[PDB]
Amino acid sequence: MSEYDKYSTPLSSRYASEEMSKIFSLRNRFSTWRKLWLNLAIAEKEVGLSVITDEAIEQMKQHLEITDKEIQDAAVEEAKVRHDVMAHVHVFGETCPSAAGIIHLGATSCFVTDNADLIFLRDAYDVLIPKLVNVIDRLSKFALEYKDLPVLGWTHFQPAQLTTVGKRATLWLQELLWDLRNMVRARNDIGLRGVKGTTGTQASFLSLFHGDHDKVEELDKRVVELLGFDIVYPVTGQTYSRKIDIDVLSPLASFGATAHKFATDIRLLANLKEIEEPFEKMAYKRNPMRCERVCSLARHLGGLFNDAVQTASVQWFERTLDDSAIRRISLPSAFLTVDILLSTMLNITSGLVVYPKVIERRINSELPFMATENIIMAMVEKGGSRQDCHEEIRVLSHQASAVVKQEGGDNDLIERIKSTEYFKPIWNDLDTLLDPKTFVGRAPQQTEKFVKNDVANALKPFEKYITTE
């Protein structure tokens, strides 16, 4: 029946995420079960189960990538036996008649379903992490380029001591370095369930090796090694602990806050006309639509993390099946969401448009109200009284403030100072006392050091993933 007549999620269709979506597709699901069956037979034969023939293994080797027809045949078999794994065991054994006898030998259902999911989780991180690396790369190049450009600081979203455009971008950069840290940890923490049997005791395999514990341990480690994993969980019930889904998702939940804060900030800078999203195809009014989408999708990750926390919390004993439906939603959705976020942020950070003039206009309007201490010191320096000067400025500041709020014209405080005889000693020093570059503290130095050290050191292990456009 028609796709136009059924709901489809956007993590899937509307936004380009072809590779990530493939990892969580049905074809990759069933193909990965076959890869697991192949390597279960290889390892079992090696460890000593002579019932497995090399010819069975060689057949399975040519049929790891399930075809549309086999999927449909497995669907027919599933509605008959009401078990998707056993349906695929049957169809795989039809395709590979020399292997029909030994496919799934000794294993329980979760041998293929659970190990496949753990494979997908690590494969998914290996898609995400190259994208995050490139976001860090493009934004830090941005930060360095603009390290010297003074910009109005904002606290409570009210005018605050000057920083620089590049320095502000290091805030977003620092959060993304913590994301690289969190994601790399989670990625390299993942192990495989291996062969564990129905309640984790490996009773079935112990029997198949006639009570030889060493053989069972050799099998468990070998099959995981063949799948390219270093870690096999030694103690499980039927399933890998669903607490692993929490710790796999916590870096995604944390990253959501990074993305939402970055995108919110840019949306405000777009309102201020200081920074806009990249040109895409010259309009006066432009919407920061990519950042609004980043906020939208980032916000969705919190509930998926709670899905995982609540699921693990009520897994009774060696497992309950109330993990199954929700995991088919929460795990793909979370990685697809972050995949879309990172690709969008990569598009945004590749071509941020800066308007230094708008930036300078805004600074000019606000800085005189923040330059009181400079005006005071400069007059004391010239022999004036400090409080006498502190009172004279407050008079002019209130007048300027009234002109801004009370009347609506441009801040005229500097003009007022040039018109007040008291301040004559500094009339030719007001350009210097109001020079924005003198107000940005260490913001340029902080930025250069952070890009050149923190960011470079963090990205050095992933240099091979850094691309261009």
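One rule holds for the numbers: they count along the sequence shown, beginning at 1.
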item: Interresidue gap class [residue 281, residue 282; deposited sequence, unmodelled]; value: 4 to 9
item: Per the entry, higher mean C-alpha B factor between 144 to 152 and 335 to 343; value: 144 to 152
item: Between 207 to 215 and 239 to 247 (mean CA B-factor, as deposited), the higher; value: 207 to 215
item: Top residue by Cα temperature factor, when 59, 32, 50, 411 are compared in the entry; value: 411
item: Top residue by Cα temperature factor, when 102, 379, 326, 121 are compared in the entry; value: 379
item: CA B-factor ranking of residue 307, expressed as a third of its chain; value: lowest
item: Relative C-alpha B-factor of residue 291, binned into the chain's lowest, middle or highest third; value: middle
item: Record-listed C-alpha B factor of residue 195: chain third; value: lowest
item: Cα B factor band for residue 374 (lowest, middle or highest third within the chain); value: highest
item: Position of residue 175 among the chain's modelled residues by C-alpha B-factor, lowest, middle or highest third; value: lowest
